[PDB]
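Shown below, as structure tokens, is a lone chain in the form deposited in one PDB entry; questions about how it binds or moves come after it.
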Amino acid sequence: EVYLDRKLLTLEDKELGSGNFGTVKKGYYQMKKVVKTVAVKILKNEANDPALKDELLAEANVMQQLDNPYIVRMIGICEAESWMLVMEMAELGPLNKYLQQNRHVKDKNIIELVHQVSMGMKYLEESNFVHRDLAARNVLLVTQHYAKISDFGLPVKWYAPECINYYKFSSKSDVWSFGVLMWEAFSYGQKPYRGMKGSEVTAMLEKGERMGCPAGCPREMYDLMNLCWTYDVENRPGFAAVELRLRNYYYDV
């Protein structure tokens, strides 16, 4: 039953995150003999907009009809003192913030994590789902060796050129964002195109220029980022090609 019993759920007073339309808190959902740690998105509806409740429910339906090990999964919905979306807890939080704080993580560890992300993306691609906001801030870590894609806003610097010029989003558009995500990861959560305005990024890319190889980044991986950054979408690989290339590389090394 996706509808959860409120008596079985206990929340912490502190918020992990917040926004205009919701708050995320840590909680515990009571199960048979064990207790499960969960993240709960509590809806904030200060203008009493029935469309807001429908969005929370639409988002829960997607989480459910989109289920894979490399995506944040839905536990259920809880119609309590507020509408709540209960999901798995990704303890370590966002990838970019994690890497900024843990400079000891090795290049091998970062290949394993982005390969998992390429696995969740290969999955959304097969379901004909376009994320549109893939970035390191939307990869949440369960452990240092286990990443899950999330979609908080279900960002010009993560956009493929054909998104800016023609607003054409596709899985190949998501492949370009994945390339920026890999650059963020091997850079340890550094901001891409730092200090540049979104217009300067566009002009830089149309000159055939791309971000350099981050320090310590294996060359093979930088080569994959550059392929993710192929200007002409026709020639840009999809996620099946990207994931397979990552898989082989991670299984060899």
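Rigid core (definition): largest C-alpha set, two forms, superposition within 1.5 Å. Start at 1 and count along the sequence shown; that's the residue number.
What comes next is about the form deposited in another entry, which does not appear here.
> Kindly specify the one residue in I75, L124, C163, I111 whose Cα moves by 2 Å or more between the shown form and the other one, with superposition done on the rigid core.
Meeting the 2 Å or more criterion is only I75.
> Determine, after fitting the two forms on their core, whether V233 shows a C-alpha shift of 2 Å or more between the shown form and the other one.
Comparing the forms between the shown form and the other one, which are aligned on their rigid core, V233 does not shift its C-alpha by 2 Å or more.
> By the 2 angstroms cut-off, has the C-alpha of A58 moved between the shown form and the other one once the rigid core is superposed?
Result for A58: yes, a 2 Å-plus shift.
> I want to check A90: does it shift between the shown form and the other one by 2 Å or more at the Cα, with the core superposed?
Superposed on the core, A90 moves its C-alpha less than 2 Å between the shown form and the other one.
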